[PDB]
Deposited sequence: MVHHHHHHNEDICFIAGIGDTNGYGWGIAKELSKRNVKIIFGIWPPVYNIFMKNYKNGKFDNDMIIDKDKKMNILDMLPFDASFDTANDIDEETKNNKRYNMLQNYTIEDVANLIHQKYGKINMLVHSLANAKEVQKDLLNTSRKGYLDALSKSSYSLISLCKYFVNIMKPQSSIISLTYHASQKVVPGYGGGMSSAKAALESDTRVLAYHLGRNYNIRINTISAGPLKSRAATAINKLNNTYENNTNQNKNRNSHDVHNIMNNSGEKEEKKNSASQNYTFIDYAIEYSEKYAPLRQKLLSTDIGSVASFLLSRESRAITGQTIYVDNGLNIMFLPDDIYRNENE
């Protein structure tokens, strides 16, 4: 049976949740990686039932969450944590680096076969690119782009061949979105290019596929993008996290065995438009 690790979830309002919901329809067991400083809050809400309605799949089943672990996309191995290890919101948690999480999952449940990268972080997102600092820019690339490579590097060892990996990206990488600042656009451009390069390496070496989903806006600026999307997209339906979810589910399955290295647009077709009318 199938296990998917979803790295980067903090609530039920984002892409990771909708991806988890849809995979659950196929009886995929889900492991969530949750950013350590929001990990306890998430567990609290979880235990207090807050996510119960959100976990309902259909008349018969709820989401099968196999586990929830603290996961920090900033840290490749235990050797990379600087005071931080003993910071307020870190010191009651352990084994949350990328390598530690891979070891932990493998120790508890063996090999997995689906991997979802769903994280993005830029401390200076509100600053436009031209006014972004080196530190802010590199922090964005580290958390939002390198973390994909590191994820792949450490998880391939614990995946079955014919496994499949996806990440999330955004069209600001390819066309100008004023407001998507702080190097997030740069991060997405690097993420999309790396998906190809990773596709070559993982494909030839391991028979593992990797693709990325370029999603439309979901409020998880965003008010403008959502308004503009809903007014001008070819399809005028509301974009749902589960719309991204079902596409992810397909890319993560053997149904898409011949697709790799692609950026797939799931955005009601908004990306095809030039001139709004």
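**Prompt:** What are the missing stretches of the deposited sequence, listed from start to end?
**Reply:** Those stretches are 1-9, 92, 231-280, 338-345, listed in order.
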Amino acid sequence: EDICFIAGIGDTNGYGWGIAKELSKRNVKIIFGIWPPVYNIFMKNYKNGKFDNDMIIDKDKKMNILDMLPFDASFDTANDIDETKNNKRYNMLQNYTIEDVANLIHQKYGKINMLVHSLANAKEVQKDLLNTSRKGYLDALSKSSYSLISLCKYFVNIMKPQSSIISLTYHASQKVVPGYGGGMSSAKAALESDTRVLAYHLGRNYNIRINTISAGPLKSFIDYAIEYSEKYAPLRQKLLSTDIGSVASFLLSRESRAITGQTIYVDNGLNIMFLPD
From here on, numbers count along this sequence of modelled residues.
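**Prompt:** Mean C-alpha B-factor higher for 62-70, or for 210-218?
**Reply:** Stretch with the higher mean C-alpha B-factor: 62-70.
**Prompt:** Once you work out the mean C-alpha B-factor for both 200-208 and 119-127 from the entry, which is higher?
**Reply:** Higher of the two, by average CA B-factor, is 119-127.
**Request:** Can you pull the Cα B-factors for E192, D139, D82, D100 from the entry and say which is highest?
**Result:** That would be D82, according to the entry.
**Item:** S145, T132, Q107, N157, ranked by C-alpha B-factor: the highest one
**Value:** Answer for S145, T132, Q107, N157: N157, with the highest C-alpha B-factor.
**Request:** Rank-wise, by C-alpha B-factor, drop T260 into the lowest, middle or highest third of its chain.
**Result:** Tercile = lowest for this residue's CA B-factor.
**Message:** By the recorded C-alpha temperature factor, relative to the other modelled residues in its chain, which third is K111 in?
**Reply:** It belongs to the middle third of the chain when residues are ordered by C-alpha B-factor.
**Message:** Going by the CA temperature factor in the PDB record, which third of the chain does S253 belong to: lowest, middle or highest?
**Reply:** It belongs to the middle third of the chain when residues are ordered by C-alpha B-factor.
**Asked** Going by what the PDB entry lists, where does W35 fall on CA B-factor within its chain: lowest, middle or highest third?
**Response** According to the entry, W35 has a C-alpha B-factor in the chain's middle third.
**Message:** Quick check on the deposited entry: does the C-alpha B-factor of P178 sit in the lowest, middle or highest third of its chain?
**Reply:** CA B-factor rank for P178: highest third.
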